[PDB]
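Here is upload37.pdb, consisting of PDB, C-alpha atoms:
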```pdb
ATOM      1  CA  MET A   1     -67.430  47.984 -18.876  1.00  0.00           C
ATOM      2  CA  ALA A   2     -70.826  48.998 -20.258  1.00  0.00           C
ATOM      3  CA  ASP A   3     -70.917  51.579 -17.465  1.00  0.00           C
ATOM      4  CA  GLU A   4     -68.765  54.649 -18.109  1.00  0.00           C
ATOM      5  CA  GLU A   5     -68.696  55.982 -21.671  1.00  0.00           C
ATOM      6  CA  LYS A   6     -70.250  53.097 -23.601  1.00  0.00           C
ATOM      7  CA  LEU A   7     -73.869  53.914 -22.760  1.00  0.00           C
ATOM      8  CA  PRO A   8     -76.722  55.427 -24.815  1.00  0.00           C
ATOM      9  CA  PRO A   9     -77.430  59.187 -24.866  1.00  0.00           C
ATOM     10  CA  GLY A  10     -79.872  59.782 -22.028  1.00  0.00           C
ATOM     11  CA  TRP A  11     -78.717  58.657 -18.591  1.00  0.00           C
ATOM     12  CA  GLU A  12     -74.948  59.137 -18.773  1.00  0.00           C
ATOM     13  CA  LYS A  13     -72.725  58.208 -15.829  1.00  0.00           C
ATOM     14  CA  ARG A  14     -72.559  60.833 -13.082  1.00  0.00           C
ATOM     15  CA  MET A  15     -71.276  61.306  -9.532  1.00  0.00           C
ATOM     16  CA  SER A  16     -72.658  62.753  -6.296  1.00  0.00           C
ATOM     17  CA  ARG A  17     -70.392  65.331  -4.659  1.00  0.00           C
ATOM     18  CA  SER A  18     -71.134  64.420  -1.040  1.00  0.00           C
ATOM     19  CA  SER A  19     -70.398  60.717  -0.572  1.00  0.00           C
ATOM     20  CA  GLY A  20     -69.074  57.611  -2.296  1.00  0.00           C
ATOM     21  CA  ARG A  21     -72.332  57.098  -4.176  1.00  0.00           C
ATOM     22  CA  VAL A  22     -72.736  56.769  -7.945  1.00  0.00           C
ATOM     23  CA  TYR A  23     -75.579  57.176 -10.436  1.00  0.00           C
ATOM     24  CA  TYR A  24     -76.477  58.335 -13.944  1.00  0.00           C
ATOM     25  CA  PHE A  25     -79.642  60.311 -13.206  1.00  0.00           C
ATOM     26  CA  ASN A  26     -82.219  60.657 -15.983  1.00  0.00           C
ATOM     27  CA  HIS A  27     -82.213  63.846 -18.058  1.00  0.00           C
ATOM     28  CA  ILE A  28     -85.884  63.627 -19.030  1.00  0.00           C
ATOM     29  CA  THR A  29     -87.520  62.051 -15.979  1.00  0.00           C
ATOM     30  CA  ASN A  30     -84.876  63.538 -13.684  1.00  0.00           C
ATOM     31  CA  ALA A  31     -84.931  60.312 -11.669  1.00  0.00           C
ATOM     32  CA  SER A  32     -81.882  58.960  -9.841  1.00  0.00           C
ATOM     33  CA  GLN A  33     -80.633  55.393 -10.269  1.00  0.00           C
ATOM     34  CA  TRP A  34     -78.023  53.049  -8.801  1.00  0.00           C
ATOM     35  CA  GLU A  35     -75.583  53.073 -11.718  1.00  0.00           C
ATOM     36  CA  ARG A  36     -75.939  50.800 -14.747  1.00  0.00           C
ATOM     37  CA  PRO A  37     -79.085  51.507 -16.811  1.00  0.00           C
ATOM     38  CA  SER A  38     -79.273  47.894 -17.989  1.00  0.00           C
ATOM     39  CA  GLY A  39     -81.311  49.234 -20.892  1.00  0.00           C
ATOM     40  CA  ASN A  40     -79.486  46.835 -23.201  1.00  0.00           C
ATOM     41  CA  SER A  41     -76.993  44.500 -21.526  1.00  0.00           C
ATOM     42  CA  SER A  42     -76.392  42.014 -18.712  1.00  0.00           C
ATOM     43  CA  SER A  43     -73.060  40.192 -18.930  1.00  0.00           C
ATOM     44  CA  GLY A  44     -69.734  40.609 -20.703  1.00  0.00           C
ATOM     45  CA  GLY A  45     -66.698  40.275 -18.469  1.00  0.00           C
ATOM     46  CA  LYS A  46     -63.929  37.798 -17.682  1.00  0.00           C
ATOM     47  CA  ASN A  47     -60.775  37.392 -19.770  1.00  0.00           C
ATOM     48  CA  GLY A  48     -58.944  34.078 -19.971  1.00  0.00           C
ATOM     49  CA  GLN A  49     -55.840  34.126 -17.786  1.00  0.00           C
ATOM     50  CA  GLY A  50     -54.681  33.603 -14.214  1.00  0.00           C
ATOM     51  CA  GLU A  51     -57.579  35.839 -13.205  1.00  0.00           C
ATOM     52  CA  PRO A  52     -56.019  37.733 -10.268  1.00  0.00           C
ATOM     53  CA  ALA A  53     -58.552  38.416  -7.514  1.00  0.00           C
ATOM     54  CA  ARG A  54     -56.736  41.572  -6.417  1.00  0.00           C
ATOM     55  CA  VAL A  55     -53.246  43.082  -6.322  1.00  0.00           C
ATOM     56  CA  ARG A  56     -52.137  46.307  -4.638  1.00  0.00           C
ATOM     57  CA  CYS A  57     -51.486  48.778  -7.455  1.00  0.00           C
ATOM     58  CA  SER A  58     -49.668  52.119  -7.465  1.00  0.00           C
ATOM     59  CA  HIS A  59     -49.313  55.032  -9.885  1.00  0.00           C
ATOM     60  CA  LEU A  60     -47.563  58.399 -10.169  1.00  0.00           C
ATOM     61  CA  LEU A  61     -49.852  60.394 -12.459  1.00  0.00           C
ATOM     62  CA  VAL A  62     -48.211  63.271 -14.332  1.00  0.00           C
ATOM     63  CA  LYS A  63     -51.245  65.378 -15.235  1.00  0.00           C
ATOM     64  CA  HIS A  64     -51.127  68.161 -17.826  1.00  0.00           C
ATOM     65  CA  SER A  65     -53.102  71.144 -19.120  1.00  0.00           C
ATOM     66  CA  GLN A  66     -55.433  68.757 -20.946  1.00  0.00           C
ATOM     67  CA  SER A  67     -57.367  67.438 -17.946  1.00  0.00           C
ATOM     68  CA  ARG A  68     -60.291  69.161 -16.234  1.00  0.00           C
ATOM     69  CA  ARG A  69     -59.134  72.086 -14.094  1.00  0.00           C
ATOM     70  CA  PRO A  70     -55.353  71.737 -13.613  1.00  0.00           C
ATOM     71  CA  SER A  71     -54.371  71.848  -9.940  1.00  0.00           C
ATOM     72  CA  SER A  72     -51.448  70.185  -8.161  1.00  0.00           C
ATOM     73  CA  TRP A  73     -50.075  71.629  -4.921  1.00  0.00           C
ATOM     74  CA  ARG A  74     -46.338  72.282  -5.185  1.00  0.00           C
ATOM     75  CA  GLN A  75     -46.835  74.134  -8.471  1.00  0.00           C
ATOM     76  CA  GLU A  76     -50.211  75.526  -9.535  1.00  0.00           C
ATOM     77  CA  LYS A  77     -48.994  75.817 -13.127  1.00  0.00           C
ATOM     78  CA  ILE A  78     -49.171  73.076 -15.757  1.00  0.00           C
ATOM     79  CA  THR A  79     -48.625  74.207 -19.348  1.00  0.00           C
ATOM     80  CA  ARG A  80     -46.375  71.360 -20.485  1.00  0.00           C
ATOM     81  CA  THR A  81     -49.355  69.462 -21.895  1.00  0.00           C
ATOM     82  CA  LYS A  82     -48.931  65.910 -23.187  1.00  0.00           C
ATOM     83  CA  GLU A  83     -46.273  67.045 -25.659  1.00  0.00           C
ATOM     84  CA  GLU A  84     -43.192  67.546 -23.485  1.00  0.00           C
ATOM     85  CA  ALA A  85     -44.352  65.266 -20.671  1.00  0.00           C
ATOM     86  CA  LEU A  86     -42.315  62.375 -22.075  1.00  0.00           C
ATOM     87  CA  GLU A  87     -39.143  63.915 -20.646  1.00  0.00           C
ATOM     88  CA  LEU A  88     -39.907  63.527 -16.940  1.00  0.00           C
ATOM     89  CA  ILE A  89     -41.219  59.996 -16.421  1.00  0.00           C
ATOM     90  CA  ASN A  90     -38.803  58.448 -18.917  1.00  0.00           C
ATOM     91  CA  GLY A  91     -35.824  59.578 -16.860  1.00  0.00           C
ATOM     92  CA  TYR A  92     -37.637  58.990 -13.577  1.00  0.00           C
ATOM     93  CA  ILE A  93     -37.431  55.255 -14.263  1.00  0.00           C
ATOM     94  CA  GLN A  94     -33.644  55.368 -13.944  1.00  0.00           C
ATOM     95  CA  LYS A  95     -34.163  56.781 -10.450  1.00  0.00           C
ATOM     96  CA  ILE A  96     -36.550  54.054  -9.295  1.00  0.00           C
ATOM     97  CA  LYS A  97     -34.873  51.296 -11.306  1.00  0.00           C
ATOM     98  CA  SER A  98     -31.708  51.830  -9.264  1.00  0.00           C
ATOM     99  CA  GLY A  99     -33.623  51.930  -5.992  1.00  0.00           C
ATOM    100  CA  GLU A 100     -31.339  54.759  -4.899  1.00  0.00           C
ATOM    101  CA  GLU A 101     -34.162  57.218  -4.222  1.00  0.00           C
ATOM    102  CA  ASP A 102     -36.807  54.490  -4.040  1.00  0.00           C
ATOM    103  CA  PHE A 103     -40.475  55.021  -4.897  1.00  0.00           C
ATOM    104  CA  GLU A 104     -41.378  55.468  -1.229  1.00  0.00           C
ATOM    105  CA  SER A 105     -39.494  58.733  -0.718  1.00  0.00           C
ATOM    106  CA  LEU A 106     -40.115  59.841  -4.303  1.00  0.00           C
ATOM    107  CA  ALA A 107     -43.807  59.355  -3.533  1.00  0.00           C
ATOM    108  CA  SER A 108     -44.107  61.792  -0.628  1.00  0.00           C
ATOM    109  CA  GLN A 109     -41.903  64.197  -2.582  1.00  0.00           C
ATOM    110  CA  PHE A 110     -44.056  64.592  -5.693  1.00  0.00           C
ATOM    111  CA  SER A 111     -46.330  61.743  -6.782  1.00  0.00           C
ATOM    112  CA  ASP A 112     -49.111  63.877  -8.257  1.00  0.00           C
ATOM    113  CA  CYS A 113     -51.615  65.527  -5.918  1.00  0.00           C
ATOM    114  CA  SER A 114     -54.541  63.597  -4.442  1.00  0.00           C
ATOM    115  CA  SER A 115     -52.697  60.270  -4.465  1.00  0.00           C
ATOM    116  CA  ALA A 116     -49.755  62.150  -2.958  1.00  0.00           C
ATOM    117  CA  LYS A 117     -51.449  62.139   0.447  1.00  0.00           C
ATOM    118  CA  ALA A 118     -51.184  58.517   1.578  1.00  0.00           C
ATOM    119  CA  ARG A 119     -47.458  58.327   0.840  1.00  0.00           C
ATOM    120  CA  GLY A 120     -47.926  58.552  -2.916  1.00  0.00           C
ATOM    121  CA  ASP A 121     -50.375  55.701  -3.451  1.00  0.00           C
ATOM    122  CA  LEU A 122     -54.008  54.579  -3.332  1.00  0.00           C
ATOM    123  CA  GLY A 123     -54.568  51.041  -2.090  1.00  0.00           C
ATOM    124  CA  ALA A 124     -55.748  47.630  -3.267  1.00  0.00           C
ATOM    125  CA  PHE A 125     -57.032  47.518  -6.846  1.00  0.00           C
ATOM    126  CA  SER A 126     -60.036  45.186  -6.806  1.00  0.00           C
ATOM    127  CA  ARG A 127     -62.238  44.595  -9.850  1.00  0.00           C
ATOM    128  CA  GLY A 128     -60.483  47.681 -11.185  1.00  0.00           C
ATOM    129  CA  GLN A 129     -62.700  50.397  -9.730  1.00  0.00           C
ATOM    130  CA  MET A 130     -60.816  52.725 -12.076  1.00  0.00           C
ATOM    131  CA  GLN A 131     -59.900  53.361 -15.712  1.00  0.00           C
ATOM    132  CA  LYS A 132     -60.642  50.012 -17.356  1.00  0.00           C
ATOM    133  CA  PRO A 133     -57.559  50.425 -19.586  1.00  0.00           C
ATOM    134  CA  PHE A 134     -55.593  51.472 -16.502  1.00  0.00           C
ATOM    135  CA  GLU A 135     -56.574  48.837 -13.942  1.00  0.00           C
ATOM    136  CA  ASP A 136     -55.508  46.261 -16.530  1.00  0.00           C
ATOM    137  CA  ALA A 137     -51.998  47.541 -15.817  1.00  0.00           C
ATOM    138  CA  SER A 138     -51.590  46.084 -12.328  1.00  0.00           C
ATOM    139  CA  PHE A 139     -53.094  42.908 -13.784  1.00  0.00           C
ATOM    140  CA  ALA A 140     -50.825  42.816 -16.835  1.00  0.00           C
ATOM    141  CA  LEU A 141     -47.447  42.329 -15.155  1.00  0.00           C
ATOM    142  CA  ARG A 142     -45.564  40.695 -12.282  1.00  0.00           C
ATOM    143  CA  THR A 143     -45.265  41.898  -8.685  1.00  0.00           C
ATOM    144  CA  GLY A 144     -42.869  44.792  -9.185  1.00  0.00           C
ATOM    145  CA  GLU A 145     -42.979  45.030 -12.972  1.00  0.00           C
ATOM    146  CA  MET A 146     -43.706  48.761 -13.118  1.00  0.00           C
ATOM    147  CA  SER A 147     -44.962  49.886 -16.528  1.00  0.00           C
ATOM    148  CA  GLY A 148     -43.691  53.065 -18.156  1.00  0.00           C
ATOM    149  CA  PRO A 149     -45.907  55.816 -19.613  1.00  0.00           C
ATOM    150  CA  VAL A 150     -49.426  54.584 -20.363  1.00  0.00           C
ATOM    151  CA  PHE A 151     -51.642  56.393 -22.868  1.00  0.00           C
ATOM    152  CA  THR A 152     -54.993  56.443 -21.068  1.00  0.00           C
ATOM    153  CA  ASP A 153     -57.146  58.136 -18.429  1.00  0.00           C
ATOM    154  CA  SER A 154     -56.087  61.744 -19.007  1.00  0.00           C
ATOM    155  CA  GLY A 155     -52.540  61.842 -20.342  1.00  0.00           C
ATOM    156  CA  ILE A 156     -49.405  59.907 -19.431  1.00  0.00           C
ATOM    157  CA  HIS A 157     -49.178  57.822 -16.257  1.00  0.00           C
ATOM    158  CA  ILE A 158     -47.531  54.756 -14.724  1.00  0.00           C
ATOM    159  CA  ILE A 159     -48.787  51.676 -12.880  1.00  0.00           C
ATOM    160  CA  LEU A 160     -46.715  49.229 -10.835  1.00  0.00           C
ATOM    161  CA  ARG A 161     -47.759  45.895  -9.334  1.00  0.00           C
ATOM    162  CA  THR A 162     -47.027  46.451  -5.642  1.00  0.00           C
ATOM    163  CA  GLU A 163     -48.639  43.118  -4.772  1.00  0.00           C
TER     164      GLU A 163
END
```
How does the structure come out when it is put into structure tokens?
Amino acid sequence: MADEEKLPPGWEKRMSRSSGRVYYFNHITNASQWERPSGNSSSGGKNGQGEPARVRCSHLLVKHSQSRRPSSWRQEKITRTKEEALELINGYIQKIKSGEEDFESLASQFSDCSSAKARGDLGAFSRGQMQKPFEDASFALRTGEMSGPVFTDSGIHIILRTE
């Protein structure tokens, strides 16, 4: 939302490897900011629906050889790319849809990598705080209505509304 990849060429959104801070940092002046250049904007949010304050969201994340520096944990080798990745999640739904293996166990058994630390999950999704087109997932379904493969972020992924 006017603060990620929809800004003018100059500041650009950046991160600080040390804490949970965030800034763009000028390229000419070399000055640090507090995110959001506000060089040409102000408002532009809202939608027009129930307007959910917040709802615990969860994802699996497949990850391929298209992202930045491929690294998992149980297999430091990803050459399947986003071409043959539609043959793992598609069938995985039949495993969670039956509740036989459940998403809980299947979470601490694969998940992805980083999110596969807290029992395959993240936490409460408030105001998004993540891929705009992704966060809209947990806010575009009912509590439990897990969405299949979503084309966004960096490949194919899934988002379920875990309340």
**Prompt:** What do you get, as a PyMOL selection string, if you spell out every residue that the PyMOL selection byres ((chain A and resi 7) around 12) selects here?
**Reply:** chain A and resi 1-6+8-14+24+35-41
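Residues in contact with region 50-54 of chain A at 9 Å, where all atoms listed in the file are counted and same-chain residues fewer than 3 positions away are skipped, are listed as residues 46, 47, 57, 124, 125, 126, 127, 128, 139 and 163 of chain A.
From CA of residue 15 (chain A) back to CA of residue 110 (chain A), the distance works out to 27.7 Å.
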Given the file above and the PyMOL selection byres ((chain A and resi 89) around 9), which residues are selected, and can you give them as a CSV table (one decimal) with C-alpha atoms, in the frame of the given file?
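As written to disk, result23.csv reads:
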```csv
chain,number,residue,atom,x,y,z
A,62,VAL,CA,-48.2,63.3,-14.3
A,85,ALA,CA,-44.4,65.3,-20.7
A,86,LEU,CA,-42.3,62.4,-22.1
A,87,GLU,CA,-39.1,63.9,-20.6
A,88,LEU,CA,-39.9,63.5,-16.9
A,90,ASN,CA,-38.8,58.4,-18.9
A,91,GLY,CA,-35.8,59.6,-16.9
A,92,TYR,CA,-37.6,59.0,-13.6
A,93,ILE,CA,-37.4,55.3,-14.3
A,148,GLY,CA,-43.7,53.1,-18.2
A,149,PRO,CA,-45.9,55.8,-19.6
A,156,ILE,CA,-49.4,59.9,-19.4
A,157,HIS,CA,-49.2,57.8,-16.3
A,158,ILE,CA,-47.5,54.8,-14.7
```
*What do you get, as a PyMOL selection string, if you spell out every residue that the PyMOL selection byres ((chain A and resi 137) around 12) selects here?*
chain A and resi 52+55-59+125+128+130-136+138-152+157-162
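Taking all atoms listed in the file into account, residue 104 (chain A) lies nearest to A:118 out of the set A:73, A:44, A:118, A:123.
Relative to CA of residue 78 (chain A), CA of residue 129 (chain A) is found at 27.1 Å.
You will find CA of residue 106 (chain A) at 14.9 Å from CA of residue 122 (chain A).
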Across A:34, A:75, A:155, A:94, the smallest distance to residue 21 (chain A), with only C-alpha atoms counted, is shown by A:34
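Among the candidate residues A:95, A:79, A:74, A:28, the one lying nearest to residue 108 (chain A) is A:74, with distances computed using all atoms listed in the file.
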